[PDB]
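J.: Generate coordinates for the sequence data below:
(chains A and B, ligands or ions: 4)
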Protein chains: 2
Amino acid sequence: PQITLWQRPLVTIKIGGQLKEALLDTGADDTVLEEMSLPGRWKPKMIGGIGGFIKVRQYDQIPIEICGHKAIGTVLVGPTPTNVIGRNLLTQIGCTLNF
Amino acid sequence: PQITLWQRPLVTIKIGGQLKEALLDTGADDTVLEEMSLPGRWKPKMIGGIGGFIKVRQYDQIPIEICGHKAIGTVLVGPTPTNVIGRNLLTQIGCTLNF
Ligand SMILES: COCCO[C@H]1CO[C@@H]2OC[C@H](OC(=O)N[C@@H](Cc3ccccc3)[C@H](O)CN(CC(C)C)S(=O)(=O)c3ccc(N)cc3)[C@@H]21
Ligand SMILES: [Cl-]
Ligand SMILES: [Cl-]
Ligand SMILES: [Cl-]
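T.: Numbering: from 1, shown residues only, chains lettered A, B, ... in the order given. Ligands and ions are numbered 1, 2, ... in the order given. There you are, the coordinates:
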């Protein structure tokens, strides 16, 4: 699809069988989701944005469907204000910016 | 242009007679720039991201050129860790996500 930016670019994702809403975010290097359960082991990461840093849990090689497009990659979980799909997964689903 | 998301989507902007690098950020409602002077009225605003909120000055009706494309809109100025072009100006240059 082509998504214009007059409203937030919120899409439905599916992860661990569950539907969630997430923001397609070209300003995020990494995908970060609100608190949830994921399988396997996690590693620590500190991520920074507007108001400073948060600690998150890094899960690798997680299947996730984004607007119907399949991806498998790194998902960070922590106290983000909103679910954000970052460039690590936007690249997997073939996303570009165009103007 | 078509802008790949393998790297951060950084572009050159011109604003208040200054050239600056900024991130094209579909996850930002608003354009937020590191400390700088702009002309005209402003009012204080809190904006919130990963890590919490920062106080910024909100300037309205500011001309900007992004990648050669002229636009006008609101610019927030304050202690953001990096210059971000948000949707309020991305719409004006006809920027879309495509996949
Ligand atoms: C809060 O009230 C609602 C509006 O609050 C937000 C939305 O609109 C407003 O405009 C300015 C601000 O927007 C943002 O801050 N946008 C961020 C996403 C976001 C969106 C909503 C809430 C919080 C964050 C941004 O696209 C990504 N961030 C990096 C960037 C800013 C360099 S990051 O998130 O820090 C990040 C860093 C690393 C990874 N790996 C992942 C993410 C305000
Ligand atoms: Cl990844
Ligand atoms: Cl505006
Ligand atoms: Cl349009």
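J.: Which strand runs longest in chain A?
T.: Counting by DSSP state E, the longest strand found in chain A is strand A:52-66.
J.: and the residue of chain A found nearest ligand 3, what is it in contact with?
T.: Nearest to ligand 3, among the residues of chain A, is residue A:6, at 11.5 Å (C-beta to the ion). (C-beta placed from N, C-alpha, C; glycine too.) Contacts of residue A:6 were listed using C-beta atoms under 8 Å, 6 or more residues apart in numbering or on different chains, and they are B:87, B:91.
J.: For chain A, what lies in contact range of ligand 2?
T.: A:73, A:74, A:88 (C-beta under 5 Å from the ion).
J.: export those to JSON lines and tack on neighbour count?
T.: Shown next, in JSON lines, are these (neighbours: other C-beta atoms under 10 Å in any protein chain shown):
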{"residue": "A:73", "neighbour count": "17"}
{"residue": "A:74", "neighbour count": "17"}
{"residue": "A:88", "neighbour count": "17"}
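J.: Which of those fall in strands?
T.: A:73, A:74.
J.: Can you tell me which residues in chain A are near ligand 1?
T.: Residues of chain A that fall close to ligand 1, judged by C-beta under 6 Å from any ligand atom: A:23, A:25, A:27-30, A:32, A:47, A:49-50, A:81-82, A:84, A:86.
J.: Now do the helices in chain A.
T.: Shown for chain A, the helices assigned by DSSP state H span residues A:87-90.
J.: Tell me which residue of it lies closest to ligand 2.
T.: residue A:73 (3.0 Å).
J.: Test my guess that that residue contacts residue A:88.
T.: Yes: contact criterion C-beta atoms under 8 Å: residue A:73 and residue A:88 qualify, at 5.5 Å.
J.: Touching both of the two, which residues are there?
T.: Counting by C-beta under 8 Å, 6+ apart, the shared contacts of residue A:73 and residue A:88 are residue A:31.
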